[PDB]
Amino acid sequence: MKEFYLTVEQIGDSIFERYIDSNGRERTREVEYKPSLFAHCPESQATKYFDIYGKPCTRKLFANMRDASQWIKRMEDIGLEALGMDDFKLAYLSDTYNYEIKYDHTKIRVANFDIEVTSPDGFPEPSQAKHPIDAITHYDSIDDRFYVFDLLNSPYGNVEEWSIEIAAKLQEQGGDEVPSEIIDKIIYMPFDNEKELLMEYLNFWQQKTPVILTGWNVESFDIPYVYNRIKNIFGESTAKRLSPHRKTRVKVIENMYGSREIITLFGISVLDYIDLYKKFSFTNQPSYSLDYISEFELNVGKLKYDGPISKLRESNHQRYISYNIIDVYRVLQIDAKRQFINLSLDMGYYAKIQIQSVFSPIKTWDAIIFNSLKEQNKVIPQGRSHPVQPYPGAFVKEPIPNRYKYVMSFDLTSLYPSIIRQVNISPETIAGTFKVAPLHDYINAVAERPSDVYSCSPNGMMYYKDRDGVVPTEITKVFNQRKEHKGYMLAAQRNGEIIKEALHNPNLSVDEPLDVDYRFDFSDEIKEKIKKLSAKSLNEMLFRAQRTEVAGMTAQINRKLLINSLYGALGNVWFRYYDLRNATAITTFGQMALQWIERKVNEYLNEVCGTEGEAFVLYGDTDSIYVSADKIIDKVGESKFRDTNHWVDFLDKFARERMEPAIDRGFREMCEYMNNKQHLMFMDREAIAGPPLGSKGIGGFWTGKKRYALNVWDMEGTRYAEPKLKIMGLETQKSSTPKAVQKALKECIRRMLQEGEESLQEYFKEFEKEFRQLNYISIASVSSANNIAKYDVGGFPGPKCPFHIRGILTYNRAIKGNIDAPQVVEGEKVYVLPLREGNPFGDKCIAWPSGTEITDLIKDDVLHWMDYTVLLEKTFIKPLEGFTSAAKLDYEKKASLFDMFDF
Ligand SMILES: Nc1nc2c(ncn2[C@@H]2O[C@H](CO)[C@@H](O)[C@H]2O)c(=O)[nH]1
C-alpha cells in the first residue's frame, strides 16, 4: 500500500505532517527539511538545472530551512535573482511524494459539524462569543455517526432532553421527519453546563482529530466562535489545543463590515462547503442560504420551524436540536451527489499541494508547473510582484434593445486557453513587438499583416512559432488528460453495461474474479470468460467498473476546472509567471475573434440571404454570439413549417451544414492573418430559441448588455419536451424582489415569449387583483442591512440614508418596548415595506429580520397601514414596465377609441 500525506505545515526549520503509512495508519512526523535553491551561474559551467530561458544555474543546499529565507532576502537586496520554489511545503512534497499519487479517502477523517448558539438578537458575534453554545452536531466520515452535544441548562433557557423517537415521527405526530437510515447512527449526549460540554468535545476532538473540516459558513462562523468562546472561559493555552500541533493564527479581514476574523487551524485543511460550492458549482446562484441550495440541489427544502431562529430552543428545543442535525445531513447528501470534497482531494493530490490551496489557482498552478519542471531539471523564476494594471477584459457587445423571434447561439470552447496555445503565449515565447494599429482596422483586415515568421497578438506581440512554450505545452498536457480520462470513464461505464446483463442469469459453478483494467472496453476473448461466471464471482466485477467510471470521471472534471481556472492565475499579479504584455495579448486577441467572426457572419449571411447591410449578429459576449434567424426563416416562410419542432431541426441542419463550415473556414483566415501556431478556434452552435409557431409569442427580447431573456428548444442537440426559459439579469433572480413577485414576473416573460400580448395583458389584470390577498411576506422586499445602520442612528434617520436603513430605524423606534418577544436588528438580512403616509410611525417603510413574522402588537397595524399601490410600482410594475418597452409591447391596452360600447 503506497503511502501519502494529508496535512503539511511549516513551523521553524521543520515541517510537520500527517499522512497514512504503507499499511493504512494516520501518523505524524516532524521533519527538518533541507531546502534546495538556485542562482544563475557564470555561463561556462557543467550542470543540469537551467532556467526557462536558457541561462544555467547551480543548486544551493541550506540544511537548516530558514537559512534559505535569510539568503533570498539578501540576494534581492544585492540585486541578484534567486531562483527556485519559495513555498517550501510544496517543495517538500515534490520530493517525498515524487510518484504519481493514489489516495484512499475512506481513510481520511473528514469532519462535518455545525454549532448553534442562542443569542437574544438573532446574530451573535463570533469575534468574542459573549454567549454559550447550546448545540453541536459533529458528523464523522471515519465513524459514519453524528455526535450530538446538547446543553440543557442555559440562562437563556433550561430544557428537556431530546427524543430520538419523536424526531423519528412524521409532521402530524409532532415528529421531526428525521430520515431513518441516519437515526440509529446518532450518538446523543446531553450536559448540565457549558464547561462540561466543551471540555468533553475538546477531548472528543483531540481524539478524533479531523483532517478535513467542513460545514456551511463554518469558516466565517462556526470555527471562530468555538475558538474564541473556549479561550474566553478557558483561555488561549487551552484553546490552542484545538490544533494537532497546538499552534495557531488569527486573521482579520475588512470591508463593509470591519472585524471578520478567520482562524487558521494549524494542521487541518478547512474547506468551507459554501466556498467549495461556488467554485465547482458551475451554476451561478442569487442567494446561498443553506436551505435554498438544498432546495435546488435536492428539491427537499429545509426543516420548517416556528418563531425566530433565536426563539426556537426555548420555544421548542426538540426541533431546534433535530434541525441542527438535518443541516449537517443536508450537506452530507450534497457532497455525496455532487461529490465536491472527493474531487478536491484528487485535485489537490494531483498537483501535490496543500488541500485548501484549491481555492487558489496561483498556488495550484504554480505547483503544477514547478513539479512538471522538477522532473525536467529546469528552474522556476522567482516571483516578484508587479503592480496592478487594468488591462481590458473580454468584449461585450452593446445590443439594440428589442424583440427577437428566432435566434441562435454559438460558443468558442474554453477560449482563453485555446488562445494561449493558438498563439504559443508564454513568457519565454515572447519574441518581438510591432507598430500597433487601432484594433478596429485589424478586425476588418484593413491593417497590415505583421510578421511572417511570428505568431502574433493584436496588441503588438510576436511569439516564436518554433520553441514549444511552457505555459502552452503545460496546458495541452492537461487537455489531453481530460480527452483521455473522459474516454476512460466511458469505456468502464459502457464496460458496465457488459457486466450489467451477463449477471441477469450469471452462474456457472463458483468463480474467481478477473484481472481487468476496465479503462478500455473488454475484447471478445475476455467477453466469453464473463458469461462463464456467476453473480458472486461477477458483481465485484460490476462494482469496480461502475466505480472506476466513478473514480476516473472525477479526474476528467478535475482537469475541466484547472483548464478553466488558468487565466485566473495568469491575469494575476502575484502569479510568478505573470506578465502584463502576455495577459493583454490574450484578452485583446479574444476581444478580436469575437467581432472578427461577428463581421464574417453578417457578411456571409446577408450575402447568402442576399439582403443588405443587414446586421444579423445581434449580440456577443466574451465567447458566444447571437444570430437573428428572423430573416432566414422568412426566406422560406412560416407557412411550410408543420410543427414548431418542424423548423427547429431546420436551423440545426443549417447551422451544422451551412454555418459551421463558414465559421471554421472564416477563423482559419484569421489564424492566417496572425501566422499562428495552430487553429484552436472552435465555436459551435449551442442554443436555439423562439415562439412555438402559430403562437403570438416573441421568442426572446433584450434590455441591454447581460440584461436578456429567451425561449429555448434545443440545447446543443438535446431537444426539449416543452420549452425552457433562459433569463439573464432580469431581477427574476435578484434576492431583493419579493418571492410572490418573482414567481409572477417570471411568468409574464413566459407569456410574452410563448403566448402574445393578449395573454400578457390579461394576466396583468390577474395578479393585480390577487395582489391584495397575498400573504404579506411573499410580497415584502428583502435586502441586507449591511450594518451601516450604525452610521444613521442619529437617534432617528438623516438624509443620504437609504430606504432600507430608514425602515430599520423607524422599526426599532416602535420596538422601544420589547416584551422580549420582539427581536432587534443585528446587522444582517431584513424585510422592508411601504406604509401609506401619515401613519402613526414616523418615516414611511419598516423592515424586520428576514424569515420572521412580526410582533403582533405592531403587526396588525403595519399592514393595515401598509402602502399597496407604491409597493407594487416599485416592485413589479417598474421592472415589468422596462421589458415591455424594450420588447416593444404593452401591458394595459391603449385606451381604445371604442370603449363605452359593449360588444
Ligand atoms: N528542478 C528544480 N528543483 C527545485 C526548484 N525549487 C526547488 N527545487 C528543489 O531542489 C531539489 C532538486 O530538484 C528538489 O528538492 C526540488 O524540490 C526549481 O525551481 N526547480
# chains A, B, ... in the order shown; residues from 1 in each chain; ligands from 1

$ closest_atom_pairs --of "chain A" --to "ligand 1" --cutoff "9 Å" --atoms "only C-alpha atoms and all ligand atoms" --output "Markdown table"
| residue | atom | partner | partner_atom_place_in_ligand_line | distance |
| --- | --- | --- | --- | --- |
| A:34 | CA | ligand 1 | 15 (O) | 8.1 |
| A:35 | CA | ligand 1 | 15 (O) | 6.4 |
| A:36 | CA | ligand 1 | 10 (O) | 4.2 |
| A:37 | CA | ligand 1 | 7 (C) | 5.2 |
| A:38 | CA | ligand 1 | 6 (N) | 7.2 |
| A:48 | CA | ligand 1 | 1 (N) | 8.6 |
| A:49 | CA | ligand 1 | 1 (N) | 6.1 |
| A:50 | CA | ligand 1 | 1 (N) | 8.5 |
| A:51 | CA | ligand 1 | 19 (O) | 8.1 |
| A:59 | CA | ligand 1 | 10 (O) | 7.1 |
| A:60 | CA | ligand 1 | 10 (O) | 8.1 |
| A:61 | CA | ligand 1 | 10 (O) | 8.4 |
| A:83 | CA | ligand 1 | 19 (O) | 6.2 |
| A:84 | CA | ligand 1 | 6 (N) | 3.4 |
| A:85 | CA | ligand 1 | 6 (N) | 3.9 |
| A:86 | CA | ligand 1 | 6 (N) | 7.3 |
| A:87 | CA | ligand 1 | 6 (N) | 8.9 |
| A:88 | CA | ligand 1 | 7 (C) | 8.1 |
| A:90 | CA | ligand 1 | 17 (O) | 8.0 |
| A:91 | CA | ligand 1 | 17 (O) | 4.5 |
| A:92 | CA | ligand 1 | 17 (O) | 6.2 |
| A:93 | CA | ligand 1 | 17 (O) | 7.7 |
| A:94 | CA | ligand 1 | 17 (O) | 5.3 |
| A:95 | CA | ligand 1 | 15 (O) | 5.3 |
| A:96 | CA | ligand 1 | 15 (O) | 8.6 |
| A:370 | CA | ligand 1 | 19 (O) | 6.0 |
| A:371 | CA | ligand 1 | 17 (O) | 7.7 |
| A:372 | CA | ligand 1 | 1 (N) | 8.8 |
| A:373 | CA | ligand 1 | 1 (N) | 5.9 |
| A:374 | CA | ligand 1 | 1 (N) | 3.8 |
| A:375 | CA | ligand 1 | 1 (N) | 6.7 |
| A:376 | CA | ligand 1 | 1 (N) | 6.8 |
| A:377 | CA | ligand 1 | 1 (N) | 4.3 |
| A:378 | CA | ligand 1 | 1 (N) | 5.0 |
| A:379 | CA | ligand 1 | 19 (O) | 3.7 |
| A:380 | CA | ligand 1 | 19 (O) | 4.0 |
| A:381 | CA | ligand 1 | 19 (O) | 6.9 |
| A:382 | CA | ligand 1 | 19 (O) | 8.4 |

$ write_last_selection --atoms "C-alpha atoms" --output "mmCIF file, in the first residue's frame"
data_model
loop_
_atom_site.group_PDB
_atom_site.id
_atom_site.type_symbol
_atom_site.label_atom_id
_atom_site.label_comp_id
_atom_site.auth_asym_id
_atom_site.auth_seq_id
_atom_site.Cartn_x
_atom_site.Cartn_y
_atom_site.Cartn_z
ATOM 1 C CA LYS A 34 16.907 20.702 3.859
ATOM 2 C CA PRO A 35 15.696 23.122 1.124
ATOM 3 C CA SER A 36 17.303 23.399 -2.309
ATOM 4 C CA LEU A 37 17.610 26.654 -4.290
ATOM 5 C CA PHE A 38 19.282 28.173 -7.276
ATOM 6 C CA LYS A 48 21.579 20.035 -15.105
ATOM 7 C CA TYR A 49 19.420 22.967 -13.805
ATOM 8 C CA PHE A 50 18.871 25.890 -16.304
ATOM 9 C CA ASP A 51 16.055 28.370 -16.125
ATOM 10 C CA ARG A 59 21.987 24.083 -6.676
ATOM 11 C CA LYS A 60 22.108 25.570 -3.131
ATOM 12 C CA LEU A 61 21.659 23.431 -0.013
ATOM 13 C CA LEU A 83 15.510 31.012 -8.312
ATOM 14 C CA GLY A 84 13.605 28.046 -7.031
ATOM 15 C CA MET A 85 10.438 27.282 -5.018
ATOM 16 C CA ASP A 86 9.918 29.791 -2.171
ATOM 17 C CA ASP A 87 6.999 27.920 -0.697
ATOM 18 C CA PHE A 88 8.724 25.084 0.975
ATOM 19 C CA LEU A 90 5.085 22.498 -1.999
ATOM 20 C CA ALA A 91 8.774 21.772 -2.434
ATOM 21 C CA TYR A 92 8.955 19.208 0.302
ATOM 22 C CA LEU A 93 6.031 17.328 -1.191
ATOM 23 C CA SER A 94 7.574 17.321 -4.646
ATOM 24 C CA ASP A 95 10.488 15.170 -3.325
ATOM 25 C CA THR A 96 8.830 12.994 -0.648
ATOM 26 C CA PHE A 370 7.050 23.524 -10.571
ATOM 27 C CA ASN A 371 6.572 19.815 -10.325
ATOM 28 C CA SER A 372 6.471 19.492 -14.089
ATOM 29 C CA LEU A 373 9.825 21.274 -14.436
ATOM 30 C CA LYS A 374 11.242 19.422 -11.454
ATOM 31 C CA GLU A 375 11.377 16.153 -13.440
ATOM 32 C CA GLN A 376 12.817 18.074 -16.414
ATOM 33 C CA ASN A 377 15.618 19.740 -14.445
ATOM 34 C CA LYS A 378 14.594 23.291 -15.278
ATOM 35 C CA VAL A 379 14.131 26.114 -12.756
ATOM 36 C CA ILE A 380 11.141 28.267 -11.986
ATOM 37 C CA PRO A 381 11.873 32.003 -11.895
ATOM 38 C CA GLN A 382 11.394 33.881 -8.719
#

$ residues_around --residues "residue 309 in chain A" --least-positions-apart "5" --cutoff "9 Å" --atoms "only C-alpha atoms" --output "JSON, numbers by chain"
{"A": [118, 122, 320, 851, 852]}

$ atom_distance --atom1 "CA of residue 574 in chain A" --atom2 "CA of residue 261 in chain A"
23.4 Å

$ residues_around --residues "residue 706 in chain A" --least-positions-apart "4" --cutoff "9 Å" --atoms "only C-alpha atoms" --output "NGL selection string"
:A and (396 or 621 or 702 or 728-730)

$ closest_residue --among "A:138, A:798, A:57, A:209" --to "residue 26 in chain A" --atoms "only C-alpha atoms"
A:209

$ atom_distance --atom1 "CA of residue 611 in chain A" --atom2 "CA of residue 630 in chain A"
12.7 Å

$ select_by_dssp --residues "range 97-292 of chain A" --states "strand (DSSP E)" --output "ChimeraX atom specification"
/A:110-117,133-140,145-151,186-191,212-214,248-249,252-253,260-261,264-265,269-270
